[PDB]
Trainee: 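What follows is a single structure, and I will ask about it in a moment.
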Amino acid sequence: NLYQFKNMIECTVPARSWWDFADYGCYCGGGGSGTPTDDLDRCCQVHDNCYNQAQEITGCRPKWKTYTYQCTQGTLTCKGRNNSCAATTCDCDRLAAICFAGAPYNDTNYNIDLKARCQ
């Protein structure tokens, strides 16, 4: 779920607040359209698409599904104790957290005007 995804980000990106990823570019946080503004935004586009795919699974709600994962000594892992829905969203989240850690953060793409720049 969202609470868990926030914790994953805190696992892989300790030197930053999760809020910094909550409203960035055209895809990070609320949103889902237009041309990704940079690498970090592309990380979020893939994550948004991954959630859309997971939602095709009966009764699977990415934002609310609680999965089992672990964050220890620099390693993020989704456990085999997850059903199909849990396993899918956990993977969506894990891949995004990893993506966020390797992408440059441009302060100038935080909180941009979606209606004018994400068409």
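Counting begins at 1 with the first residue of the sequence.
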Trainee: Rounded to the nearest 0.5 Å, how far apart are OG of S33 and CD of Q45?
Mentor: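 Atom-to-atom, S33:OG and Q45:CD are 10.0 Å apart.
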Trainee: Looking at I98, is its backbone amide N or carbonyl O close enough to the side chain of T12 to form a donor-acceptor pair, meaning the two atoms are under 3.5 Å apart?
Mentor: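 No; zero donor-acceptor contacts below 3.5 Å.
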Trainee: Has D93 got a side-chain atom pairing as donor or acceptor with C90's backbone, closer than 3.5 angstrom?
Mentor: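 No, the answer is negative, given that no donor and acceptor are paired below the 3.5 Å cut-off.
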Trainee: Taking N82 for its side chain and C78 for its backbone only, find out whether a donor-acceptor pair lies under 3.5 Å.
Mentor: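 Between the backbone of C78 and the side chain of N82 there is no qualifying donor-acceptor contact (under 3.5 Å).
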Trainee: Evaluate the criterion side-chain contact (heavy atoms from CB on, under 4.5 Å) for residue pair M8 and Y69; output intermediate values, then yes/no.
Mentor: CA-CA 9 Å; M8 280 195 182; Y69 77 111; 3.8 Å; yes
Trainee: Report yes if the side chains of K63 and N1 come closer than 4.5 Å at any heavy-atom pair, otherwise no.
Mentor: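 A side-chain contact under 4.5 Å is absent here.
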Trainee: Please walk me through it: do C43 and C28 pass disulfide (SG to SG under 2.5 Å)?
Mentor: CA-CA 8 Å; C43 286; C28 304; over 6 Å; no
Trainee: Which distance, rounded to the nearest 0.5 Å, do you find between the CD of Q119 and the OG1 of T35?
Mentor: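 Atom-to-atom, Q119:CD and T35:OG1 are 11.0 Å apart.
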Trainee: Are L76 and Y67 linked, directly or through intermediate hydrophobic residues, by side-chain heavy-atom contacts shorter than 4.5 Å (ILVMFWY only)?
Mentor: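 Yes, it is one cluster - the side chains of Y67 and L76 are joined through contacts under 4.5 Å.
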Trainee: Starting from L40, can I reach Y110 by hopping between I/L/V/M/F/W/Y residues whose side chains sit under 4.5 Å apart?
Mentor: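 Hydrophobic grouping puts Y110 with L40.
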Trainee: Can the ring centres of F5 and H47 be said to be less than 6.0 Å apart?
Mentor: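 Yes, close enough.
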Trainee: Can you confirm whether or not the ring centre of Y24 sits under 6.0 Å from the ring centre of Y105?
Mentor: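 Yes, the ring centres sit under 6.0 Å apart.
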Trainee: So does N49 get a backbone contact from the side chain of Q53, meaning a donor-acceptor N/O pair under 3.5 Å?
Mentor: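 Looks like no, no N/O pair under 3.5 Å.
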Trainee: Quick check: do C11 and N7 have side-chain heavy atoms less than 4.5 Å from each other?
Mentor: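 With C-beta onward as the side chain, the pair stays apart.
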Trainee: Between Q70 and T72, do the side chains contain an N or O donor and an N or O acceptor separated by less than 3.5 Å?
Mentor: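 Yes.
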Trainee: Nearest 0.5 Å please: distance from the CG atom of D39 over to the SG atom of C44.
Mentor: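 Spacing of CG (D39) from SG (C44) equals 11.5 Å.
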Trainee: Could you walk me through whether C118 and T37 pass side-chain contact (heavy atoms from CB on, under 4.5 Å), step by step?
Mentor: CA-CA 9 Å; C118 302; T37 60; 5.8 Å; no
Trainee: Between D91 and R94, does any NZ, NE, NH1 or NH2 come within less than 4.0 Å of an OD or OE carboxylate oxygen?
Mentor: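 Yes, this pair counts.
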Trainee: So do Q55 and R61 actually touch side chain to side chain, heavy atoms under 4.5 Å?
Mentor: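 A side-chain contact under 4.5 Å is absent here.
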Trainee: Return yes if a side-chain donor-acceptor contact under 3.5 Å exists between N109 and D38, otherwise no.
Mentor: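 Their side chains do contain a donor-acceptor pair, which is all the 3.5 Å distance test asks for.
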Trainee: Please report the shortest heavy-atom distance between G32 and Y27, naming the atom on each side.
Mentor: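 Scanning both residues completely, I find the closest heavy atoms to be C-CE2, 3.6 Å.
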Trainee: Decide yes or no for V46 and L95: does some side-chain heavy atom of the first lie under 4.5 Å from some side-chain heavy atom of the second?
Mentor: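 No, side chains not in contact.
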Trainee: Looking at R16 and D20, is any side-chain nitrogen of the basic one under 4.0 Å from a carboxylate oxygen of the acidic one?
Mentor: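 Yes, charged N to carboxylate O under 4.0 Å.
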Trainee: Would a distance-only check, ignoring hydrogens and angles, find a side-chain to backbone donor-acceptor pair under 3.5 Å from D41 to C26?
Mentor: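 Present.
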Trainee: What are the two closest non-hydrogen atoms of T68 and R81, and how far apart are they?
Mentor: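 Nearest pair, atom of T68 first, then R81: OG1-CD, 3.1 Å.
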